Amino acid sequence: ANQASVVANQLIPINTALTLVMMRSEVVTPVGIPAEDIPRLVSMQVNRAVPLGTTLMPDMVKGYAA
């Protein structure tokens, strides 16, 4: 139920280091990367461009392992 995920706050381009302005927290379905992981994601890279409003999933971030 009320578990919040990391959602793209702007289009995130491929192979670009994640910054805090790119990530917001939102309750969405399906559930993606927990919103508590936003600090851990800073400077990690996505392996695909992520459109605005997309829920970040584990498989999209290079090197991510919960």
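Residue positions are given as counts along the sequence shown, with the first one as 1.
A.B. asks: Per the entry's values, where does residue 18 land by CA temperature factor relative to the rest of its chain, in the lowest, middle or highest third?
C.D. replies: Within its chain, residue 18 is a middle-third residue by C-alpha B-factor, going by the deposited values.
A.B. asks: Sorting by Cα B-factor within the chain, modelled residues only, which third would residue 39 end up in: lowest, middle or highest?
C.D. replies: Ranked within chain, residue 39 CA B lands in the highest tercile.
A.B. asks: Determine, from the deposited record, the chain-internal third of the Cα B-factor for residue 6: lowest, middle or highest.
C.D. replies: It belongs to the lowest third of the chain when residues are ordered by C-alpha B-factor.
A.B. asks: What third of its chain, lowest, middle or highest, does the C-alpha temperature factor of residue 47 fall into?
C.D. replies: Top third by C-alpha B-factor.
A.B. asks: Comparing against every modelled residue in the chain, figure out the third that the C-alpha B-factor of residue 60 lands in (lowest, middle or highest).
C.D. replies: Lowest third.
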